[PDB]
């Protein structure tokens, strides 16, 4: 139990098939659907329906959280109201794999310009650091203004997150205390 966690999951797929007859309905419905916390993702999967008619299966990824069923019903109705569907199907995950994680803002200086990079550190009970991941968009965007390559920012930042230090890119240093 002190490797990967494997627990019951509150993730579900909410699924409905729409005729492509109602044109700007799906983009609009998705934009309202994502406004709520528990909707993780939306995708309209293109499909062939019954009289060789093009459809989309609207697929909504939902984190139920503490109470799934209130959340599932709220989203199901949203789907119904927003799309005109009267049949929304629900698919539950049989379990979720997880590792405890935390975030760590790492201070980056280049002599005269500075940033703060988010670093997710995923660590098990046993002390296995499975991932230390500096947020890449910040790393590459620093990698521009500095010039020096994005992945060396990443490597330095992640090593700084390990010892709780900060990065001086100008002298190639990680400073602890």
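Positions refer to the first chain, counted from 1.
- For the pair 40-48 and 147-155, the record assigns the higher mean C-alpha temperature factor to 147-155.
- A summary of the deposited B-factors shows that, of 121-129 and 53-61, the stretch with the larger mean C-alpha value is 121-129.
- When all modelled residues of the chain are sorted by CA temperature factor, residue 113 is found within the highest third.
- Sort the modelled residues of the chain by CA B factor and residue 70 lands in the middle third.
- Residue-level temperature factors show residue 14 in the lowest third of its chain, judged at the C-alpha atom.
- For residue 25, the recorded CA B-factor ranks within the highest third of the chain. Only modelled residues enter the ranking.
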